[PDB]
């Protein structure tokens, strides 16, 4: 009684792969068959299920509209057709026989890895600054490698609004930006200093490097009232 899995491998986003699972040792046509996946370092996640011709196939929302489950009972084979793949679909994929009250997922395929794949990382600190008006906020943006030509910008974002450019070229204030916003630093260490905070200044602030063709943003620092 076993499920012999086949397929997988490394593809580019938008590509497609077909997985298969050959069953033996049980009456295949009577069993419901599921796909389950597990992203690297993550937990198990149901993907899709299929039972008998005329009963419903089901899909997790994560794959619905792109993946197709099917079976060929004469071949004792379960399939998963994976179309328009995304990097987020990277995972080990398992087929499993579903035994319901007689055993949940009691037979598993060995799993096959599907990897979908095609960089300056900005780390902002701290994540949150709880401060009062009149005080000074100092925001740090550290880059995993040197940011060429000080091509670093800071944006302010209020809730429900588009980002607003504050600083570009690490230290140049954009039009309309008050002197109490000050950018500085170089190489891998950049800071935004906001002196004598006003209530309007409480917002999220993102740093942005445009020193290469793969632009990156920090994860933001939220400055909030105390």
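Residue numbers count along the first chain shown, from 1.
Check the entry and tell me how many residues of the deposited sequence have no coordinates between residue 118 and residue 119: none, 1 to 3, 4 to 9, or 10 or more. Missing in between: 4 to 9 residues.
For the C-alpha atoms alone, is the average B factor greater in 137-145 or in 79-87, going by the entry? Comparing averages over the C-alpha atoms only gives 137-145.
Of 25-33 and 179-187, which one has the bigger average CA B-factor? It is 179-187.
Which one of 73, 110, 150, 156 shows the biggest C-alpha B-factor in the PDB entry? So the option with the highest C-alpha B-factor is 73.
Taking the Cα B-factors listed in the entry, which of 202, 205, 210, 217 comes out highest? Most elevated C-alpha B-factor of the set, per the entry: 202.
Taking the chain's C-alpha temperature factors as the reference, tell me which third residue 95 falls into: lowest, middle or highest. For residue 95, whose C-alpha B-factor we compare with every modelled residue in the chain, the answer is the lowest third.
Ranked against its chain, the third holding the CA B-factor of residue 69: For residue 69, the deposited C-alpha B-factor lands in the lowest third.
Test of reading the entry: by CA B factor among the chain's modelled residues, which third contains residue 114? Within its chain, residue 114 is a lowest-third residue by C-alpha B-factor, going by the deposited values.
If you rank every modelled residue in this chain by C-alpha B factor, which third holds residue 131: lowest, middle or highest? CA B-factor rank for residue 131: highest third.
Sort the modelled residues of this chain by their C-alpha B factor and say whether residue 48 lands in the lowest, middle or highest third. It belongs to the lowest third of the chain when residues are ordered by C-alpha B-factor.
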